[PDB]
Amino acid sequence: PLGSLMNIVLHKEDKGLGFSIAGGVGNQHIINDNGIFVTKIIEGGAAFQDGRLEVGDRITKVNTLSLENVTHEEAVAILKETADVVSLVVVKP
């Protein structure tokens, strides 16, 4: 069925946000879809402690920037800059 939008706010740590991503233009994780998807959440990391982010979630927006149809490198860069506070809008299956 159709997913749902969720806003998740994370506060960064020394080791980062604590999750891994796959996807992007030219490195599709899902057929016919360049979207950015969560593949791993580090136990004890920021995303884990917040408790809302899940493996399989699509990251469609980081702060105001859209992650739709960007490269994997651009998504990594966008997520690695940011201030200590990060706002994600994700689509849950």
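Sequential numbering from 1, following the sequence displayed.
- Ranked against the other modelled residues of its chain, the C-alpha B-factor of residue 69 as given in the entry falls in the lowest third.
- Annotation for residue 45: C-alpha temperature factor in the highest third relative to the rest of the modelled chain, per the entry.
- In this PDB entry, residue 85 carries a Cα temperature factor that places it within the highest third of its chain's modelled residues.
- Sort the modelled residues of the chain by CA B factor and residue 32 lands in the middle third.
- In the PDB entry, residue 10 places in the highest third of its chain by CA B-factor.
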